[PDB]
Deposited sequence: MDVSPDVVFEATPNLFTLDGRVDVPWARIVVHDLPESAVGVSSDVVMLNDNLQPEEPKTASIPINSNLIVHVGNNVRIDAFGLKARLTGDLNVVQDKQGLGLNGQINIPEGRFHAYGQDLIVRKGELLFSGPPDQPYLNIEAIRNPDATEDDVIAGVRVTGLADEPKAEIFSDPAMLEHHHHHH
């Protein structure tokens, strides 16, 4: 069987989603990595230890969202803080995300702000009013 261990740097990438064998890798997400997916347009940074063995894929580390905009479902929000903390299960990071109304938004009834926290399948969301 083949194994691959190492360190990988991703200085730039573009990930878009359009509607219309064995490893241990440390992956460093560099300074021009952007995603456009599911209403989120964002820049991502961070570091992940990607372990793959017979049981499956493990992810440990942190992915951060230094800048982003979520525009979907009548809502236009600017990400003020965004962190995903992975502790093994790839589909279950801990979320800590804050976003506020885009003051340039054209839609009305856009929430003043939201915070989403907790494991991605047990999340909690706080929705704030304008003072």
Gaps vs the deposited sequence (1-based, no CA atoms) are 1-14, 35-63, 175-184
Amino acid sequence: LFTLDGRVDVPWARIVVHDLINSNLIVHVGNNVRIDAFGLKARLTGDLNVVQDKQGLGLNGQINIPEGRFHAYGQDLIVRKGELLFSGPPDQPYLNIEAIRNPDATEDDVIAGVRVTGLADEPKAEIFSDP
From here on, numbers count along this sequence of modelled residues.
Which of 73-81 and 94-102 has higher mean CA B factor, as the PDB entry lists it: 73-81
Averaging CA B factors per stretch from the PDB record, which one is higher: 110-118 or 6-14? 110-118
Pick out which of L48, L44, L40, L57 has the highest C-alpha B-factor in the PDB entry. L57
When the modelled residues of the chain are sorted by Cα temperature factor, does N32 land in the lowest, middle or highest third? lowest
